[PDB]
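Colleague: The structure is given below, and queries will be raised subsequently.
Here the Cβ is made from the backbone with ideal geometry for all residues, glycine too, and neighbour counts use every protein chain on show. Bear in mind these aren't lab numbers, they're just calculated from the coordinates by the rules spelled out.
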Amino acid sequence: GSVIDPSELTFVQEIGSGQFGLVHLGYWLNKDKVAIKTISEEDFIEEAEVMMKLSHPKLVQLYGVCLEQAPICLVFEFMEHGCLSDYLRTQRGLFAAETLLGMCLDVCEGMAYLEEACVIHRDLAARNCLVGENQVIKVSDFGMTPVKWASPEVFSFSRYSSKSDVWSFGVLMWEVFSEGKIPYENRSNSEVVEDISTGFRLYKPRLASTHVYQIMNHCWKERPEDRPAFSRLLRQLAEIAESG
Ligand SMILES: O=S(=O)(c1ccccc1)c1cc(Nc2cc(-c3ccccc3)[nH]n2)nc(N[C@H]2CC[C@H](O)CC2)c1
């Protein structure tokens, strides 16, 4: 299943012995697939350290930094099938509901963890999520350093927070169950501000159950203190998936 080429192996030294042979420390030169993001100053090598402490199975992992070369780059986990929006969209018509729920769950798990660490994503939306091995979805571009995904407090009084990420997650959910359709597709920025200000919400997608629709509208309360927190969303999304 996983046969290793001797040439990748380097015995360094013997550390003990069993009864069928002996044991060694060695190295193994792997060849990991990676995504390399080419490019402020050197204060960003501290930036890359807070990013690197943020490890979760549903957050795209930051492997390191490259600065010797010109093209100053970050090195990231490589994600098989690229961005979830494009994925939903090129694969339209082939998803089960359950699958669409499970993508939402993956995001929510990653986001609950950002919430707990007190990292505000700020630009969550499906174009910022990547699909990996077996349609696992990972949140990305939380590193750094628009209206369709903004809470009222974000276009109004620029107040960002996890509650404002919850609004983007409501929109993301709508994106997923509608299989990658663009929200407020024809509306302009002021029209969105006005409609959302008058209590209009995005319509329920066919593939989303009324229940799932309730959670979306719940992510879209007007006042953030009224929205649920990722930790709660997560328990509710996990429950629905485990039952049936
Ligand atoms: O499916 S892909 O077309 C593909 C390409 C070659 C072989 C097999 C598949 C593809 C995969 C990824 N994977 C990525 C991207 C990142 C990644 C990128 C930045 C930070 C961390 C990870 N990790 N893995 N990103 C793409 N474009 C990306 C271009 C930039 C944009 O942001 C998202 C789509 C496109």
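Colleague: May I ask what percent, to the nearest 5, of DSSP beta bridges between residues of the chain are antiparallel?
Modeller: Around 95 percent antiparallel, to the nearest 5.
Colleague: Could I ask something else about it? Please list, in chain and number order, the residues 5+ apart from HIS24 or on another chain whose amide H is under 5 Å from its amide H, with Hs placed from the backbone.
Modeller: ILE15
Colleague: Please list the non-local residues whose amide H lies under 5 Å from the amide H of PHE78, H modeled 1.01 Å from N, same-chain partners needing a gap of 5 or more.
Modeller: The answer is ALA35.
Colleague: Tell me, rounded to the nearest percent, the portion of alpha carbon pairs in the chain spaced more than 34 Å apart. Walk me through the numbers before you get to the answer.
Modeller: Details: 8290 of 29646 pairs.
Percent of Cα pairs beyond 34 Å in the chain: 28.
Colleague: Just want the ordering: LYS204, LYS138, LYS31, from fewest to most Cβ atoms lying within 10 Å of their own Cβ. Each step should come with its number before you reach the end.
Modeller: On the way: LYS204 17, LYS138 21, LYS31 7.
Ascending Cβ contact count within 10 Å gives the list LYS31, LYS204, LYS138.
Colleague: Pull up the DSSP beta bridges for segment 56-153 and report the antiparallel fraction as a percent, rounded to 5.
Modeller: Working: 8 of 9 bridges.
Percentage antiparallel, nearest 5: 90.
Colleague: With +1 on the Cβ of every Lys and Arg and -1 on the Cβ of every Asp and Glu, and nothing else charged, how large is the dipole of segment 45-189 about its Cα centre, in debye rounded to the nearest 20?
Modeller: 560 debye
Colleague: Per-residue HN-Hα couplings for segment 100-108, Karplus 6.51 cos²θ - 1.76 cosθ + 1.60 at θ = phi - 60°, whole Hz, x for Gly and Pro?
Modeller: Residue by residue, segment 100-108 yields 4, 3, x, 5, 5, 3, 3, 4, 5 Hz.
Colleague: While we're here: Rounded to the nearest 500, what is the 222 nm mean residue ellipticity of the chain from helices alone, with -39500 (n - 2.57) per DSSP H run of 4+ residues and division by all residues? Don't jump to the answer; show the numbers that get you there.
Modeller: Details: 8 runs with 89 residues, N = 244.
Mean residue ellipticity, 222 nm, calculated: -11000 deg cm²/dmol.
Colleague: Here's a follow-up. With only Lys, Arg, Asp and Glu charged, each at its Cβ (+1 for the first two, -1 for the last two), find how big the charge dipole of the chain is about the Cα centre; round to the nearest 20 debye.
Modeller: Working: 23 positive and 35 negative charges, 211 e Å.
So the dipole magnitude of the chain works out to roughly 1020 debye.
Colleague: Would you please give the residues with an amide H less than 5 Å from that of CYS73, counting only those at least 5 places away or on a separate chain, with H modeled from the backbone geometry?
Modeller: Residues meeting the criterion, in which the H sits 1.01 Å from N, are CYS66.
Colleague: Next question. ³J(HN,Hα) across segment 157-162 via Karplus (A = 6.51, B = -1.76, C = 1.60, θ = phi - 60°), whole Hz, x for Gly/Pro?
Modeller: Whole-Hz 3J(HN,Hα) from phi for segment 157-162: 10, 4, 7, 7, 5, 5.
Colleague: Test of understanding: ordering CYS219, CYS73 by Cβ neighbours within 10 Å, fewest first, what list do you get? If you can, show how the numbers build up before the last one.
Modeller: Values: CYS219 23, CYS73 17.
Starting with the residue having the fewest Cβ neighbours, the order is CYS73, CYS219.
Colleague: Can you tell me the dipole magnitude for segment 128-199 around its Cα centre, using point charges on the Cβ only (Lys, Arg +1; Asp, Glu -1), in Debye to the nearest 20?
Modeller: On the way: 6 positive and 10 negative charges, 31 e Å.
In debye, rounded to 20, segment 128-199 gives about 140.
Colleague: Can you run phi through the Karplus equation (6.51, -1.76, 1.60; θ = phi - 60°) for segment 193-204 and list ³J(HN,Hα) in whole Hz, with x for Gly and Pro?
Modeller: Going residue by residue, I get 3, 4, 3, 5, 4, 7, x, 6, 10, 5, 5, 4 Hz, with x marking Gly and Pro.
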